[PDB]
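Structure first, commentary second.
No value in this document is a laboratory result; all are computed from the given coordinates. We place every Cβ from the backbone using ideal geometry, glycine too, and count neighbours over all the protein chains shown.
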Amino acid sequence: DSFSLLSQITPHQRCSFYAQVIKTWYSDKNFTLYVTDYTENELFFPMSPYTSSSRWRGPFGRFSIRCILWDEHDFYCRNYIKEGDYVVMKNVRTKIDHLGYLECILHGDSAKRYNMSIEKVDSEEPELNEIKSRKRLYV
């Protein structure tokens with residue numbers, strides 16, 4: 001398989017991509033990441049600069065996707081992945097939420113049947129060059 005820009009991903013598939021973490025939120029059910037590679041996708045939620053919480057330190061418009069982490073992915077990332085980290089996510093599942101918005105999911109996979117993974121990427125890896133250069137456009 002190959003990597004995709006978040007502008008290129010569609011629902012009901014598996015995909016891999018690099019992104020930067022904007023927001024994290026943990027509960028006793030799952031761990032949530034909001035991530036962006038600063039490319040636009042028509043299925044992403046349009047974040048309003050006029051009503052979004054001042055806590056939102058990410059882009060506005062359809063530039064961020066919500067990732068739901070379950071089971072081992074939750075337990076592993078919930079006290080590890082932080083806001084601002086760069087991540088690489090491999091073979092995650094994409095779906096449509098109830099309101100038509102695209103999101104991605106990391107289901108528990110004890111069988112290791114899908115070879116999913118999420119990991120931090122050092123800021124200096126050239127794989128992140130494109131993200132950093134695109135982030136310059138939106139600041």
Net charge near residue 137, counting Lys/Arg +1 and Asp/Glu -1 over other residues with Cβ under 13 Å of its Cβ?
+1
Report Rg(Cα)/(2.2 N^0.38 Å) for the range 10-68, keeping two decimals.
1.16
Find which of 70, 107, 96 sits farthest along the positive direction of the dipole of the chain, computed with +1 on the beta-carbon of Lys and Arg, -1 on that of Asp and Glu, about the Cα centre.
96
List the equivalent ellipsoid semi-axes of the chain in whole Å, largest first, each obtained as the square root of 5λ for an eigenvalue λ of the Cα gyration tensor.
22, 17, 16
Mean ellipticity per residue at 222 nm, deg cm²/dmol - from DSSP H runs of n ≥ 4 across the chain, formula -39500 (n - 2.57):
-2500 deg cm²/dmol
In whole Hz, with x marking every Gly and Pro, tabulate ³J(HN,Hα) for the range 98-114 from phi via Karplus 6.51 cos²θ - 1.76 cosθ + 1.60, θ = phi - 60°.
4, 9, x, 8, 5, 8, 10, 9, 10, 6, x, 9, 4, 5, 6, 7, 10
